[PDB]
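Accompanying notes for the structure given below.
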Amino acid sequence: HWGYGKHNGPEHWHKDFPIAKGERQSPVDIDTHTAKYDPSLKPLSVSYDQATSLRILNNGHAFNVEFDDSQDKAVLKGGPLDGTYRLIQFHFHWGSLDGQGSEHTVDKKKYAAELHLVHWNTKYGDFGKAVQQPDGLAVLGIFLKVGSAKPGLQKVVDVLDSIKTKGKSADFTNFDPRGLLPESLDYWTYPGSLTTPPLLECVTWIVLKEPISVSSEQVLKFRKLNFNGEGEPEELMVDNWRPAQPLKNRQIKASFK
Ligand SMILES: NS(=O)(=O)c1ccccc1
Ligand SMILES: [Zn+2]
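Numbering-wise (the numbering used here), the sequence shown opens with residue -19 and increments by one.
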């Protein structure tokens, strides 16, 4: 099965998932000087006040905080998006060291980690149908740098001990994802894909320019998670990021002048 090891990592994925070499793969390097301000972008609206988190799960690749998406509770609208996109889950990608871990890069700079808030287009009824559409998903990406602690992340950090290994889950109700955002909503946007198999080309990426700061201690606890299941040889869950892919026939647009 696919993973992030030398034997099953990003360089191998194309053998099971040929779209890995496709025309709109993610992540990409964001060359800030080539990205162009787009006046046609509408104001971005992140509306998370009624979010209903449910559970946190170690899926053997990362951990997902899952939300109730049976109604328009936490939604993303505006910006490059047509219509309403509902939050279904968030997760992170991170490194073994502070100098790597992000999937997107900014002028080739790698951040320590990257948060993905995953949303599906409500016009398609469910997530499964949405991933059969070129505009099925919107992922809000947020970079993490190591510095001061992020208070809104601590509840996540403290529950990780209970989901150490693949397949473990825990209740995670009443978590407010608003606490994971930076001050500014300035962003870059481009059409791309899921960054893990099945690598489906359904995503409008919205990558915030301002990183959030998290403490060394917070990211260290991410690195104590395990890729393996309980009772199996320990393989630390680190470096669960795909590197930047060819931009090909795409333009990255900026929300800011
Ligand atoms: N990593 S990502 O593109 O946000 C992703 C989201 C949902 C499923 C698989 C991958
Ligand atoms: Zn992701």
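We put the beta carbon where it would ideally sit given N, CA and C, even for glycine.
Distance, residue j Cα to residue i Cα
i, j, result
"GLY121", "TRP185", "7 Å"
"residue 314", "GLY(-15)", "The requested residue 314 is not part of the displayed model; the chain covers only -19 to 237."
"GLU94", "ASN44", "13 Å"
"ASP18", "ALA234", "6 Å"
"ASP9", "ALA110", "26 Å"
"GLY132", "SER193", "11 Å"
"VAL98", "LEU161", "14 Å"
"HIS96", "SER76", "18 Å"
"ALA92", "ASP106", "32 Å"
"residue 248", "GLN231", "Look at the range of the chain in this structure, -19 to 237, and you will see that residue 248 is not part of it."
"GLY209", "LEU140", "14 Å"
"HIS(-13)", "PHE155", "36 Å"
"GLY(-17)", "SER196", "25 Å"
"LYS125", "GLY59", "25 Å"
"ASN229", "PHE123", "25 Å"
"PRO213", "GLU163", "41 Å"
Residues near residue i by beta carbon distance below 7 Å, same chain, minus five either side
i, result
"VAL137", "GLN198, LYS201"
"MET217", "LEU205, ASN206, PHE207"
"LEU61", "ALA118, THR184"
"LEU34", "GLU46, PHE47, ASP48, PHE152, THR153"
"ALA0", "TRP(-7), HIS(-6), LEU179"
"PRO7", "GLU83, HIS84, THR175, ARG222, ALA224, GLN225"
"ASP87", "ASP11, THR12"
Own chain partners of residue i with C-beta closer than 6 Å, once the 5 adjacent residues on each side are dropped
i, result
"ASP49", "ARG66, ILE68"
"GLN5", "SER173, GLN225"
"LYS237", "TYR17"
"residue 240", "The question about residue 240 has no answer, for the chain in this structure spans -19 to 237."
"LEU227", "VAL8"
"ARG158", "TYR28"
Chain B contact for residue i (CB, 7 Å cutoff)
i, result
"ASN44", "Looking for chain B here will not work: only one protein chain is present."
Close Cβ partners of residue i (< 8 Å) along its chain, the five nearest in sequence each way excluded
i, result
"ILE143", "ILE36, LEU37, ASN38, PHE43, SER149, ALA150, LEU205"
"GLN113", "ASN101, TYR104, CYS182"
"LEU165", "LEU24, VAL26, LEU188, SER235"
"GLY2", "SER173, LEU179, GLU181"
Worksheet item: With a cut-off of 8 Å, do at least 3 Cβ pairs link the stretch 23 to 38 to the stretch 52 to 65?
Response: yes
Worksheet item: Residues with a Cβ closer than 5 Å to any heavy atom of ligand 1, in chain order?
Response: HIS96, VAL98, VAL119, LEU174, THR175, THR176
Practice prompt. Decide if the stretch 137 to 148 is in contact with the stretch 80 to 91; the criterion is three or more beta carbon pairs, one per stretch, under 8 Å apart.
Written response: no
Item to complete: Decide yes or no for the touch test of the stretch 187 to 196 against the stretch 13 to 23: beta carbon pairs closer than 8 Å, at least 3 of them.
Response: no
Discussion item. Quick check: the stretch -8 to 12 against the stretch 165 to 180, are at least 3 beta-carbon pairs closer than 8 Å?
Written reply: yes
Worksheet item: Does the pairing of the stretch 60 to 79 with the stretch 36 to 51 give three or more beta-carbon distances under 8 Å?
Response: yes
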